[PDB]
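Quick setup: one chain, the form deposited in one PDB entry, written in structure tokens, and binding and motion questions come after.
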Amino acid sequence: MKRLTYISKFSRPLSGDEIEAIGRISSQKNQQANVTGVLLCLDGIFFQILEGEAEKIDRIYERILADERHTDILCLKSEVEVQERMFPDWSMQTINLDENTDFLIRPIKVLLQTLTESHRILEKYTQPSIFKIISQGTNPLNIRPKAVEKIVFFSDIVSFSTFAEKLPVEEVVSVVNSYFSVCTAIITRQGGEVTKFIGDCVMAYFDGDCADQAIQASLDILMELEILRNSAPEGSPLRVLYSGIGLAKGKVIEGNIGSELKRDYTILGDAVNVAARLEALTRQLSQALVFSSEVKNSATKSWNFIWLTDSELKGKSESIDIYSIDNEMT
């Protein structure tokens, strides 16, 4: 048995009648799927618990994400191997807390709103990776550090200083946020984890045996930015949004890093400086993407590799072979 808890936001103002309609249909369909649960709403926020056979639940849940009347769905907990039903009497018990006024529910419905309002804000400042760990019943703070091989991704906007010196504050942030949004969307799509933003820089990493997906994310980013530049409106600052990209491979420490007040779940190691160094080299070369031979050697597909003879790196241990992809972009 699987039990699923989640929360969402009202996509549009719903009346107490529309909510009841959802509960009724939900009750009918859950009655036949041998599913039980409870649906609660409070000042434009939905809360639902859903329990039953994992297969049947997976079906119902993915259909709930299709529902237009709510958005910002976030699953707080996914229990597997459950043996007991929390609410074996209710196929769907709807509880509109906005109308309930029992004196004992009053202190609890206030705290619930306060805790939820705060939670939904912390989400935006939190990495989506932590939420997945929490949902699985693992406390990410209790994770012990470990050494692991990763592909480190570094990309940095070209000559961002001029933007700040010639554009209003609102437009600079708009340019950098658009860039971060494009990078994050493609990296996450290829399995990458965006760990840190460093000024106008994106820091990310891939599994150590995923060099093909790091190269493909890099290439797709460069393609997306070229379409972005050519399709931007007239006089838009996005027309001159260029980036470099550097990829390196190496053994890094992954784990909780920081102080008692704040910490990050990120990586640490030499491969970070190499990736950063390589990204910087793109300013000198015509190629916007450069990577080490350990990345090139870890790829499984037959990329159009080009061997670059500009390995003037500093701070490393020995010589490093530099590579790029020879295509219309680079």
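When you see a residue number, it is the position in the sequence shown, counting from 1.
Looking at mean Cα B-factors across 92 to 100 and 232 to 240, the upper value is held by 92 to 100. Taking the mean C-alpha B-factor of each stretch as recorded, 140 to 148 and 83 to 91 are not equal, and the higher mean is that of 83 to 91. Sorting 245, 217, 175, 108 by the CA temperature factor given in the entry leaves 108 at the top. Among 156, 165, 226, 207, the highest C-alpha B-factor in the deposited entry belongs to 165. Annotation for residue 213: CA B-factor lies in the lowest third of the chain's modelled residues. For residue 59, the recorded CA B-factor ranks within the highest third of the chain. Only modelled residues enter the ranking.
Per the deposited record, the Cα B-factor of residue 128 falls in the highest third when ranked against the other modelled residues of its chain. Ranked against the other modelled residues of its chain, the C-alpha B-factor of residue 271 as given in the entry falls in the lowest third. Per the PDB record, residue ranking by Cα B-factor puts residue 184 in the lowest third of the chain.
Below, we turn to the form deposited in another entry, even though it does not appear here.
In this comparison between this form and the one not shown, the chain bends at a hinge between two rigid parts; from 299, 133, 118, 40, that hinge is at 118. Cα of residue 143 to Cα of residue 58: at least 3 Å shorter in the other form than in the shown structure. Between residue 296 and residue 271, the C-alpha separation grows by 3 Å or more in the other form, relative to the conformation displayed.
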